[PDB]
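Q: upload-v2.cif is the file, holding mmCIF, C-alpha atoms and all ligand atoms:
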```
data_model
#
loop_
_atom_site.label_atom_id
_atom_site.label_comp_id
_atom_site.auth_asym_id
_atom_site.auth_seq_id
_atom_site.Cartn_x
_atom_site.Cartn_y
_atom_site.Cartn_z
CA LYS R 201 29.39 -63.46 4.48
CA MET R 202 32.27 -63.27 1.99
CA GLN R 203 31.19 -65.32 -1.03
CA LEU R 204 33.04 -66.03 -4.28
CA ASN R 205 30.08 -64.98 -6.42
CA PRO R 206 30.11 -62.95 -9.66
CA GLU R 207 29.39 -59.70 -7.81
CA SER R 208 32.52 -60.09 -5.68
CA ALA R 209 34.64 -60.51 -8.82
CA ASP R 210 33.36 -57.12 -9.99
CA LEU R 211 34.28 -55.50 -6.67
CA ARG R 212 37.76 -56.99 -7.04
CA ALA R 213 37.93 -55.76 -10.64
CA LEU R 214 36.91 -52.25 -9.55
CA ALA R 215 39.73 -52.30 -6.98
CA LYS R 216 42.21 -53.26 -9.71
CA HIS R 217 40.92 -50.48 -11.97
CA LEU R 218 41.10 -47.82 -9.24
CA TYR R 219 44.61 -48.95 -8.28
CA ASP R 220 45.92 -48.63 -11.84
CA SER R 221 44.43 -45.13 -12.05
CA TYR R 222 45.96 -44.36 -8.64
CA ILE R 223 49.43 -45.20 -9.98
CA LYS R 224 49.17 -43.19 -13.21
CA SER R 225 47.48 -40.15 -11.66
CA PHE R 226 49.82 -39.82 -8.67
CA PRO R 227 53.61 -39.97 -9.20
CA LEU R 228 54.79 -40.62 -5.64
CA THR R 229 52.81 -43.47 -4.09
CA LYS R 230 52.97 -44.61 -0.48
CA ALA R 231 55.02 -47.65 -1.53
CA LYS R 232 57.81 -45.46 -2.89
CA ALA R 233 57.37 -42.87 -0.12
CA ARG R 234 58.08 -45.44 2.60
CA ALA R 235 61.06 -46.73 0.62
CA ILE R 236 62.59 -43.24 0.84
CA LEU R 237 61.71 -42.70 4.51
CA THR R 238 63.45 -45.99 5.40
CA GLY R 239 66.30 -45.78 2.88
CA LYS R 240 65.34 -49.05 1.19
CA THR R 241 65.24 -47.43 -2.26
CA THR R 242 68.29 -47.40 -4.52
CA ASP R 243 67.82 -43.68 -5.21
CA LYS R 244 69.91 -40.99 -3.53
CA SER R 245 68.94 -39.72 -0.10
CA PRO R 246 66.74 -36.60 -0.28
CA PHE R 247 67.93 -33.22 0.94
CA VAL R 248 67.02 -32.69 4.60
CA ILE R 249 65.94 -29.27 5.90
CA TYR R 250 66.17 -29.13 9.69
CA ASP R 251 67.33 -25.58 10.50
CA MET R 252 67.58 -22.19 8.79
CA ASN R 253 71.09 -22.97 7.53
CA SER R 254 69.93 -26.13 5.77
CA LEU R 255 67.01 -24.22 4.24
CA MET R 256 69.38 -21.65 2.73
CA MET R 257 71.34 -24.43 1.02
CA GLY R 258 68.09 -25.90 -0.28
CA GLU R 259 67.01 -22.65 -1.93
CA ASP R 260 70.29 -22.56 -3.87
CA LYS R 261 69.23 -25.87 -5.47
CA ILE R 262 66.18 -24.16 -7.03
CA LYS R 263 66.34 -22.44 -10.41
CA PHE R 264 64.02 -19.66 -9.22
CA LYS R 265 65.44 -16.96 -6.95
CA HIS R 266 62.58 -14.75 -5.65
CA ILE R 267 63.73 -11.22 -6.53
CA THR R 268 61.66 -9.57 -3.78
CA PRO R 269 63.38 -10.20 -0.42
CA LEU R 270 61.20 -8.64 2.26
CA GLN R 271 62.97 -7.22 5.30
CA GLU R 272 61.10 -9.45 7.78
CA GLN R 273 63.24 -12.59 7.58
CA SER R 274 60.67 -14.38 9.76
CA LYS R 275 58.14 -13.51 7.04
CA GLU R 276 60.58 -13.97 4.16
CA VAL R 277 60.89 -17.62 5.24
CA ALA R 278 57.36 -18.44 6.44
CA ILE R 279 55.53 -16.84 3.50
CA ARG R 280 57.95 -18.40 1.01
CA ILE R 281 57.52 -21.89 2.47
CA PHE R 282 53.73 -21.54 2.54
CA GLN R 283 53.49 -20.59 -1.14
CA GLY R 284 55.63 -23.58 -2.09
CA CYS R 285 53.09 -25.66 -0.17
CA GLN R 286 50.30 -23.99 -2.17
CA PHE R 287 51.83 -24.24 -5.66
CA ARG R 288 52.24 -27.97 -5.04
CA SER R 289 48.62 -28.09 -3.86
CA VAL R 290 47.43 -26.75 -7.23
CA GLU R 291 49.30 -29.48 -9.13
CA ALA R 292 47.76 -32.09 -6.82
CA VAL R 293 44.31 -30.91 -7.96
CA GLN R 294 45.37 -31.68 -11.54
CA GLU R 295 46.30 -35.18 -10.37
CA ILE R 296 43.21 -35.60 -8.18
CA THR R 297 40.95 -34.45 -11.02
CA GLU R 298 42.72 -36.85 -13.38
CA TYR R 299 42.00 -39.70 -10.95
CA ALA R 300 38.43 -38.53 -10.29
CA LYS R 301 37.61 -38.85 -14.00
CA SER R 302 38.71 -42.50 -13.86
CA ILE R 303 36.06 -43.43 -11.27
CA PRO R 304 33.23 -45.21 -13.17
CA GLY R 305 30.18 -42.97 -13.38
CA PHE R 306 31.84 -39.74 -12.21
CA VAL R 307 31.94 -38.13 -15.66
CA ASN R 308 28.30 -39.12 -16.27
CA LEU R 309 27.26 -36.90 -13.34
CA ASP R 310 26.24 -33.28 -13.74
CA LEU R 311 29.20 -31.02 -14.49
CA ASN R 312 28.35 -28.66 -11.63
CA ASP R 313 28.15 -31.62 -9.24
CA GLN R 314 31.61 -32.80 -10.32
CA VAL R 315 32.95 -29.37 -9.34
CA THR R 316 31.15 -29.53 -5.98
CA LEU R 317 32.58 -32.96 -5.14
CA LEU R 318 36.11 -31.80 -5.98
CA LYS R 319 35.61 -28.43 -4.25
CA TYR R 320 35.09 -29.87 -0.75
CA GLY R 321 36.92 -33.14 -1.42
CA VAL R 322 40.33 -31.92 -2.56
CA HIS R 323 41.36 -30.90 0.97
CA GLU R 324 40.36 -34.24 2.50
CA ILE R 325 42.38 -36.07 -0.16
CA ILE R 326 45.41 -33.84 0.48
CA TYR R 327 45.22 -34.63 4.20
CA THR R 328 45.10 -38.36 3.39
CA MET R 329 47.87 -38.63 0.80
CA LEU R 330 50.12 -36.24 2.74
CA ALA R 331 50.16 -38.77 5.59
CA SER R 332 51.83 -41.25 3.23
CA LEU R 333 54.78 -38.87 2.80
CA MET R 334 55.44 -38.00 6.46
CA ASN R 335 56.52 -39.84 9.60
CA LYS R 336 57.32 -38.76 13.16
CA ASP R 337 60.28 -36.60 12.03
CA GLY R 338 59.18 -34.72 8.92
CA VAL R 339 57.45 -34.78 5.55
CA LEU R 340 58.72 -35.60 2.07
CA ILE R 341 58.52 -32.52 -0.16
CA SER R 342 59.18 -31.73 -3.83
CA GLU R 343 58.21 -35.15 -5.21
CA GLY R 344 60.29 -36.93 -2.58
CA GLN R 345 63.45 -34.96 -3.41
CA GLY R 346 63.29 -33.09 -0.09
CA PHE R 347 62.47 -33.73 3.56
CA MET R 348 61.51 -30.90 5.92
CA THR R 349 61.53 -31.81 9.60
CA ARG R 350 58.47 -31.36 11.79
CA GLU R 351 60.24 -29.28 14.46
CA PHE R 352 61.52 -26.90 11.78
CA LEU R 353 57.92 -26.26 10.70
CA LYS R 354 57.08 -25.55 14.35
CA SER R 355 59.90 -22.96 14.46
CA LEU R 356 58.40 -20.68 11.79
CA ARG R 357 56.63 -17.41 12.55
CA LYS R 358 53.80 -17.66 15.07
CA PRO R 359 50.92 -17.77 12.52
CA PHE R 360 52.82 -20.24 10.30
CA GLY R 361 54.22 -22.35 13.15
CA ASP R 362 51.17 -24.60 13.50
CA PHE R 363 49.54 -24.96 10.08
CA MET R 364 51.20 -28.36 9.58
CA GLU R 365 50.74 -29.68 13.13
CA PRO R 366 47.05 -30.63 12.58
CA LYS R 367 48.34 -32.69 9.64
CA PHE R 368 51.15 -34.45 11.51
CA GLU R 369 48.88 -35.37 14.42
CA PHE R 370 46.42 -36.85 11.92
CA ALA R 371 49.14 -38.78 10.07
CA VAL R 372 50.50 -40.62 13.12
CA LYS R 373 46.96 -41.83 13.84
CA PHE R 374 46.16 -42.61 10.19
CA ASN R 375 49.43 -44.35 9.31
CA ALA R 376 48.81 -46.63 12.30
CA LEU R 377 46.16 -48.30 10.12
CA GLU R 378 49.10 -49.30 7.86
CA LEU R 379 47.15 -49.07 4.62
CA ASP R 380 48.83 -49.66 1.26
CA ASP R 381 48.24 -48.10 -2.15
CA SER R 382 45.61 -50.75 -2.91
CA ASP R 383 43.53 -49.66 0.09
CA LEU R 384 44.13 -45.94 -0.42
CA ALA R 385 43.01 -46.08 -4.07
CA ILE R 386 39.46 -47.08 -3.10
CA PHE R 387 39.45 -44.88 0.01
CA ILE R 388 40.23 -41.78 -2.07
CA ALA R 389 37.35 -42.54 -4.45
CA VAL R 390 34.97 -42.92 -1.49
CA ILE R 391 35.85 -39.41 -0.30
CA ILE R 392 35.19 -37.93 -3.75
CA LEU R 393 31.78 -39.56 -4.14
CA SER R 394 30.56 -38.17 -0.81
CA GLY R 395 26.90 -37.48 -1.55
CA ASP R 396 26.38 -35.02 1.32
CA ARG R 397 28.47 -32.12 0.01
CA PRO R 398 26.81 -28.68 0.29
CA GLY R 399 25.34 -27.73 -3.07
CA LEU R 400 24.71 -31.06 -4.82
CA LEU R 401 21.92 -31.25 -7.39
CA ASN R 402 20.96 -34.92 -7.74
CA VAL R 403 22.29 -36.89 -4.78
CA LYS R 404 20.78 -40.18 -6.03
CA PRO R 405 23.42 -40.90 -8.74
CA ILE R 406 26.30 -39.94 -6.43
CA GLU R 407 25.55 -42.20 -3.45
CA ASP R 408 24.82 -45.10 -5.81
CA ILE R 409 28.42 -44.93 -7.04
CA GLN R 410 29.76 -44.54 -3.50
CA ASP R 411 27.87 -47.59 -2.19
CA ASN R 412 29.68 -49.77 -4.74
CA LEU R 413 32.95 -48.14 -3.70
CA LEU R 414 32.11 -48.82 -0.04
CA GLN R 415 31.43 -52.50 -0.77
CA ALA R 416 34.63 -52.71 -2.83
CA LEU R 417 36.55 -51.16 0.08
CA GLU R 418 35.30 -53.50 2.82
CA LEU R 419 36.08 -56.48 0.59
CA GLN R 420 39.56 -55.05 -0.03
CA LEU R 421 40.32 -54.45 3.65
CA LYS R 422 39.05 -57.88 4.72
CA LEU R 423 41.27 -59.61 2.16
CA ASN R 424 44.37 -57.42 2.50
CA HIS R 425 44.34 -57.17 6.33
CA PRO R 426 43.68 -60.59 7.90
CA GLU R 427 44.92 -59.44 11.33
CA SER R 428 42.71 -56.32 11.52
CA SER R 429 39.02 -56.62 12.36
CA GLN R 430 36.74 -53.56 12.21
CA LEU R 431 39.35 -51.83 10.04
CA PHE R 432 36.47 -50.76 7.79
CA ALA R 433 34.75 -49.18 10.81
CA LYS R 434 37.91 -47.44 12.03
CA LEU R 435 38.49 -45.98 8.56
CA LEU R 436 34.98 -44.48 8.50
CA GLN R 437 35.66 -42.57 11.72
CA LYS R 438 38.88 -41.25 10.17
CA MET R 439 36.77 -39.98 7.27
CA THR R 440 34.35 -38.15 9.55
CA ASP R 441 37.36 -36.78 11.44
CA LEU R 442 38.57 -35.29 8.15
CA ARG R 443 35.30 -33.35 7.88
CA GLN R 444 35.69 -31.37 11.11
CA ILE R 445 39.48 -31.08 10.77
CA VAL R 446 39.36 -29.62 7.24
CA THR R 447 36.82 -26.98 8.28
CA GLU R 448 39.30 -25.86 10.95
CA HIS R 449 42.08 -25.81 8.35
CA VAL R 450 40.16 -23.82 5.73
CA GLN R 451 39.15 -21.27 8.37
CA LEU R 452 42.74 -21.10 9.65
CA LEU R 453 44.43 -19.84 6.48
CA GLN R 454 41.53 -17.50 5.68
CA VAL R 455 43.00 -15.33 8.43
CA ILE R 456 46.35 -15.50 6.63
CA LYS R 457 44.77 -14.84 3.23
CA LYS R 458 43.39 -11.54 4.59
CA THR R 459 45.93 -10.34 7.17
CA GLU R 460 49.00 -10.98 4.98
CA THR R 461 47.71 -8.93 2.00
CA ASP R 462 50.01 -10.83 -0.38
CA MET R 463 48.64 -14.35 0.14
CA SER R 464 45.91 -14.47 -2.52
CA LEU R 465 48.34 -15.14 -5.36
CA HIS R 466 47.66 -13.35 -8.62
CA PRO R 467 45.76 -15.67 -11.01
CA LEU R 468 47.72 -14.76 -14.13
CA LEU R 469 51.04 -15.06 -12.27
CA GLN R 470 50.14 -18.59 -11.13
CA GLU R 471 49.74 -19.80 -14.71
CA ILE R 472 53.15 -18.36 -15.64
CA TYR R 473 54.95 -20.56 -13.10
CA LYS R 474 52.90 -23.60 -14.15
CA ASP R 475 53.58 -23.37 -17.89
CA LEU R 476 57.26 -22.36 -17.63
CA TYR R 477 58.65 -24.59 -14.85
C1 LIG G 501 55.87 -27.15 2.54
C2 LIG G 501 55.75 -28.21 1.46
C3 LIG G 501 55.04 -29.41 1.54
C4 LIG G 501 54.22 -29.89 2.78
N1 LIG G 501 55.17 -30.07 0.40
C5 LIG G 501 54.58 -31.39 0.10
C6 LIG G 501 53.09 -31.26 -0.37
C7 LIG G 501 52.48 -30.01 -0.44
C8 LIG G 501 51.15 -29.92 -0.87
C9 LIG G 501 50.46 -31.06 -1.23
CL1 LIG G 501 48.76 -30.94 -1.78
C10 LIG G 501 51.07 -32.30 -1.17
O1 LIG G 501 50.35 -33.47 -1.54
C11 LIG G 501 51.15 -34.58 -1.86
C12 LIG G 501 50.30 -35.85 -1.79
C13 LIG G 501 51.71 -34.42 -3.26
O2 LIG G 501 51.02 -33.87 -4.16
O3 LIG G 501 52.86 -34.84 -3.53
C14 LIG G 501 52.40 -32.40 -0.74
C15 LIG G 501 55.95 -29.36 -0.44
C16 LIG G 501 56.38 -29.64 -1.76
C17 LIG G 501 57.20 -28.73 -2.44
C18 LIG G 501 57.59 -27.54 -1.82
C19 LIG G 501 58.51 -26.53 -2.57
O4 LIG G 501 58.57 -25.39 -2.21
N2 LIG G 501 59.31 -26.99 -3.71
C20 LIG G 501 60.21 -26.09 -4.43
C21 LIG G 501 61.06 -26.90 -5.40
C22 LIG G 501 59.44 -25.01 -5.22
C23 LIG G 501 58.19 -25.29 -5.76
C24 LIG G 501 57.52 -24.31 -6.47
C25 LIG G 501 58.08 -23.05 -6.64
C26 LIG G 501 57.32 -21.95 -7.44
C27 LIG G 501 56.15 -21.40 -6.57
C28 LIG G 501 58.28 -20.81 -7.79
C29 LIG G 501 56.75 -22.56 -8.73
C30 LIG G 501 59.33 -22.77 -6.10
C31 LIG G 501 60.01 -23.76 -5.39
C32 LIG G 501 57.17 -27.27 -0.52
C33 LIG G 501 56.34 -28.19 0.17
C1 LIG G 502 62.47 -18.83 -5.49
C2 LIG G 502 61.07 -19.07 -4.95
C3 LIG G 502 59.89 -18.42 -5.33
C4 LIG G 502 59.78 -17.31 -6.41
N1 LIG G 502 58.89 -18.91 -4.62
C5 LIG G 502 57.48 -18.47 -4.73
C6 LIG G 502 57.30 -17.22 -3.80
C7 LIG G 502 58.33 -16.85 -2.94
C8 LIG G 502 58.20 -15.75 -2.10
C9 LIG G 502 57.03 -15.00 -2.12
CL1 LIG G 502 56.87 -13.59 -1.05
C10 LIG G 502 55.99 -15.35 -2.98
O1 LIG G 502 54.80 -14.59 -2.99
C11 LIG G 502 54.71 -13.50 -3.89
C12 LIG G 502 54.43 -12.22 -3.10
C13 LIG G 502 55.99 -13.32 -4.70
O2 LIG G 502 56.94 -12.66 -4.23
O3 LIG G 502 56.08 -13.85 -5.83
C14 LIG G 502 56.13 -16.47 -3.82
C15 LIG G 502 59.35 -19.86 -3.77
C16 LIG G 502 58.68 -20.67 -2.82
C17 LIG G 502 59.41 -21.59 -2.07
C18 LIG G 502 60.78 -21.73 -2.25
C19 LIG G 502 61.59 -22.76 -1.38
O4 LIG G 502 62.71 -22.50 -1.07
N2 LIG G 502 60.99 -24.02 -0.94
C20 LIG G 502 61.77 -24.93 -0.12
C21 LIG G 502 60.81 -25.61 0.86
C22 LIG G 502 62.51 -26.01 -0.91
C23 LIG G 502 61.81 -27.07 -1.47
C24 LIG G 502 62.50 -28.06 -2.18
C25 LIG G 502 63.88 -27.99 -2.32
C26 LIG G 502 64.63 -29.09 -3.11
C27 LIG G 502 63.97 -29.27 -4.51
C28 LIG G 502 66.10 -28.69 -3.28
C29 LIG G 502 64.55 -30.42 -2.34
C30 LIG G 502 64.58 -26.93 -1.75
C31 LIG G 502 63.89 -25.95 -1.04
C32 LIG G 502 61.44 -20.93 -3.18
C33 LIG G 502 60.71 -20.00 -3.95
#
```
As structure tokens, please, write out the structure in this file.
A:
Amino acid sequence: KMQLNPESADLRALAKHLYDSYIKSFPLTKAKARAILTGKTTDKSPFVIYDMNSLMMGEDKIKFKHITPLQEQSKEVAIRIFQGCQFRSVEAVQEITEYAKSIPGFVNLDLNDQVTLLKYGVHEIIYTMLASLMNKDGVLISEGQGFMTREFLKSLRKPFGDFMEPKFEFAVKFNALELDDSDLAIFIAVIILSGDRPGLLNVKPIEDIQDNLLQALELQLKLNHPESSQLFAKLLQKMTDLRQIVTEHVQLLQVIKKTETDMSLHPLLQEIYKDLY
């Protein structure tokens, strides 16, 4: 229908509010990420890691040194890279949670339901925003200061050689939608307010917030993408694809968390690296 009625102005105002929260909560947006991947930005080119020799030069640019070099160099590299991917994941939760609080009505929910929505929703947000940082060659790492190639990640040890491939194959199909930060801001909020998470108390207040986010998203996509019909429908299938692809990812590293013995990082040691930095 698309009318210029007072309810549409509220859906446009909600999109503006979610976008402003998207900028403050997340440092590296897709707008700046694409500027680095194409060299359009005035900043310096990021350090590129494509082989083992380039990775050794990258570690020398880090203040930390890792004073426990295990003999297995195939494990010294794979395990070290994976824990860098996990320490960054923890800081993303701090940013995701900061953005989740900005969604109208989220704080008014039950506190245990807020945990449940973030519990199962953090992974699906990571999969989405990670696509903004990667292309067909590699992924931007360390707040855009680095760039690790895709084929280098495939050259790691056999268990760690394909934990990023399910994310690259999703990105090439998700970036084809060519969404911008304005579209992603609403789309992230829709994933959080998914009212069918296992263990939700009152589903009624959650889906009521999501239905306004869904209406604000379809209005955003129809206005921002004039040459793309059914883009709202295509994006819903990408959301359901995140469901069955995250369950395969969470079950994948549970084998690593158990068979590597040193993967479940010590809780008190985590907080030391966060507060020092
Ligand atoms: C492998 C890898 C990936 C895929 N990424 C991007 C990434 C990951 C996870 C999420 Cl969730 C994510 O999501 C986006 C949307 C976001 O949040 O930007 C984006 C990395 C970022 C930094 C480092 C690293 O190793 N960096 C060095 C500088 C360091 C960091 C920390 C340490 C200590 C453990 C000692 C503290 C030591 C060295 C490695 C990776
Ligand atoms: C020094 C260091 C430490 C202490 N950790 C945590 C860590 C290591 C090893 C084990 Cl085993 C571990 O687990 C338990 C058992 C433990 O020993 O504490 C925990 C790191 C993780 C990743 C990188 C890295 O080199 N990340 C690469 C991807 C990059 C990223 C970004 C850059 C630039 C910023 C220059 C762009 C350069 C290189 C370095 C370190």
Q: List every residue of chain R that has an atom at most 6 Å from any atom of ligand LIG 502 (chain G), giving for each one its closest atom pair and the distance in Å to one decimal, counting all atoms listed in the file, sorted by chain and then by ascending residue number, as a Markdown table.
A:
```
| residue | atom | partner | partner_atom | distance |
| --- | --- | --- | --- | --- |
| R:247 | CA | G:LIG502 | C29 | 5.5 |
| R:258 | CA | G:LIG502 | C30 | 3.9 |
| R:259 | CA | G:LIG502 | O4 | 4.4 |
| R:261 | CA | G:LIG502 | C28 | 4.7 |
| R:262 | CA | G:LIG502 | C28 | 5.9 |
| R:264 | CA | G:LIG502 | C1 | 4.1 |
| R:265 | CA | G:LIG502 | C1 | 3.8 |
| R:266 | CA | G:LIG502 | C4 | 3.9 |
| R:268 | CA | G:LIG502 | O2 | 5.7 |
| R:279 | CA | G:LIG502 | CL1 | 5.7 |
| R:280 | CA | G:LIG502 | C8 | 4.1 |
| R:281 | CA | G:LIG502 | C17 | 4.9 |
| R:283 | CA | G:LIG502 | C16 | 5.5 |
| R:284 | CA | G:LIG502 | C17 | 4.3 |
| R:342 | CA | G:LIG502 | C24 | 5.2 |
| R:345 | CA | G:LIG502 | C29 | 4.8 |
| R:346 | CA | G:LIG502 | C29 | 3.7 |
| R:462 | CA | G:LIG502 | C12 | 5.4 |
```
Q: With only C-alpha atoms and all ligand atoms as the atoms that count, which of R:413, R:463, R:385, R:296 lies nearest to ligand LIG 501 (chain G)?
A: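 Nearest to ligand LIG 501 (chain G): R:296.
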Q: With a distance cut-off of 10 Å and all atoms listed in the file, select the neighbouring residues of stretch 229-246 of chain R, excluding the residue or stretch itself and same-chain residues fewer than 5 positions from it, and output the selection as a count of residues only.
A: 27
Q: Near residue R:404, within 12 Å and counting all atoms listed in the file, which residues show up once chain neighbours fewer than 2 positions away are dropped, as a PyMOL selection string?
A: chain R and resi 309-310+313+393-396+400-402+406-411
Q: Which residue is closest to ligand LIG 501 (chain G)? Choose from R:391, R:456, R:414, R:465 and count only C-alpha atoms and all ligand atoms.
A: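 For ligand LIG 501 (chain G), the nearest of the candidates is R:465.
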Q: Can you tell me which residues surround stretch 356-369 of chain R at a distance of at most 6 Å, considering all atoms listed in the file, apart from same-chain residues fewer than 2 positions away, and format the answer as a list in words?
A: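 With the cut-off at 6 Å, the set is residues 274, 278, 353, 354, 371 and 372 of chain R.
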Q: By how many Å are atom CA of residue R:455 and atom CA of residue R:388 apart?
A: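 Calculated distance between atom CA of residue R:455 and atom CA of residue R:388 is 28.6 Å.
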